[PDB]
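We begin with a single chain expressed as structure tokens, specifically the form deposited in one PDB entry.
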């Protein structure tokens, strides 16, 4: 059978919050079967736990924020993207502040931590959510869709008209039958438009952002000296972001996500809309791994 997966060891890192600019301590820990990913604010007294589930998402402007009452954990999407990519079902994530550290802007540092912690198979079947019917949500010209697919595929199209994007692919469809999340998606850095970052900074926001943790473009050029990690890094990051949001379903997906100019708000609307319609999905397990359309 395909088994649930957790970490073998506790592991730690530090970094700064993209929004706050202040140092945060991160800890990833093993967790029992059927725990899911649970975030804990260990700086608070009492300590506050927030399960990484779609129903606990509050704000979704630019980042995905988990909320419980007045307590928040911001910017969960890149870490969760790594958890999803490596098929980690169960883990505890401890944080000394209200935001996951931005690290290098990608999911790579989290992939690194999870792999370094080691992968532990657990004595319970891994559950998957299989999409049975296509479901979509829209806002203006933005669209996010789940489509049935015998495997796991994430497709995305961005549609920027600024000169710096002219001639760029702005589209990718990744079938994880033959694409490595680790090698080909996880290291895509977050990006921002210079004018938008200036606006954030003018309000004392985005204080942790730098060219060392984000690709910054003006109307016409990429500001980062070293260029891009992947030829299509921008759309790959959107794919990364979508995989992280997808993991808030609480189980790995058998299906396809398609994004069109979509962001965290629409991604989360899609999750809640899917979850609510039981005719459109089912939970499956694989007692024989060789018969499965995915592999971890």
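Positions refer to the first chain, counted from 1. The term rigid core refers to the maximal set of C-alpha atoms that superpose within 1.5 Å between the two forms. Only residues modelled in both forms are compared.
- For the pair 49-57 and 238-246, the mean Cα B-factor is higher in 49-57.
- For the pair 1-9 and 285-293, the mean Cα B-factor is higher in 285-293.
- The residue among 81, 90, 179, 213 whose C-alpha carries the highest B-factor in the deposited model is 179.
- Looking only at 73, 145, 174, 158, the residue with the top Cα B factor in the deposited structure is 174.
- Among the modelled residues of the chain, residue 169 sits in the middle third by CA temperature factor in this PDB entry.
- The deposited CA B-factor of residue 271 belongs to the lowest third of values across its chain.
- Among all modelled residues in this chain, the alpha-carbon of residue 42 has a temperature factor (C-alpha) in the middle third.
- Remark: residue 261 belongs to the middle third of its chain, ranked by C-alpha B-factor as recorded.
- When all modelled residues of the chain are sorted by CA temperature factor, residue 99 is found within the lowest third.
In what follows, reference is made to the form deposited in another entry, a form of this protein that is not presented.
- For the residues 96, 115, 173, 169, superposed on the rigid core between this form and the one not shown, a C-alpha shift of 2 angstroms or more shows up only at 169.
- Relative to this conformation, an increase of 3 Å or more in the Cα-Cα distance between residue 111 and residue 168 is found in that other deposited form.
- Three angstroms is the minimum change: in that other deposited form, the CA atoms of residue 175 and residue 168 sit farther apart than in this structure, by 3 Å or more.
- Against the superposed rigid core, the consecutive-residue runs (3 or more long) showing CA movement of at least 2 Å between this form and the one not shown span 159-161, 163-165, 167-169.
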